[PDB]
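Colleague: The structure is given below, and queries will be raised subsequently.
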Amino acid sequence: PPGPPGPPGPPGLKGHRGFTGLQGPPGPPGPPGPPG
Amino acid sequence: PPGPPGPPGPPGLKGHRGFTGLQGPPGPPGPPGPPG
Amino acid sequence: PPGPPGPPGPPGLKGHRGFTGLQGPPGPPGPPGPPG
């Protein structure tokens, strides 16, 4: 009779790198200014 | 005759994590200073 | 004979989005205070 099914193929390719992260939030307000 | 072709291989590995996002903007200017 | 190897597996999934960026720095010192 015919032979058995062949073996599995190679593993798939690794996925592409993820999207770059979002930008972080703006920083806090600065310190109060110098005295007048 | 030869058996039929094998099945697809296993799925690929997941992609690498994306790069970390940009540092956030500087905060706004601080309050006016105290009176002279 | 056994069949030929199967085709490659499906691609891995896209990577995770990168981490969000750092919060930005504190803002600059505020303006000088009033004269009085």
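Cβ sites come from the backbone with ideal geometry, for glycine too, and all protein chains shown count toward neighbours. Throughout, read-outs are computed from the coordinates displayed, never taken from laboratory work.
Colleague: What's the center-to-center distance, using Cα atoms, between region A:9-34 and chain C in Å?
Modeller: About 3 Å separates the Cα centre of region A:9-34 from the one of chain C.
Colleague: Can you work out the PRE-style zone for B:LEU22? Point 7 Å along Cα to Cβ, and I want the residues of chain C with backbone N under 15 Å.
Modeller: Counting backbone N atoms under 15 Å from the label point, the list is C:20-25.
Colleague: Once the label point is placed 7 Å from Cα along Cβ, list for C:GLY36 the distances to the corresponding points in the other copies, in nm, shortest first.
Modeller: 1.0, 1.1
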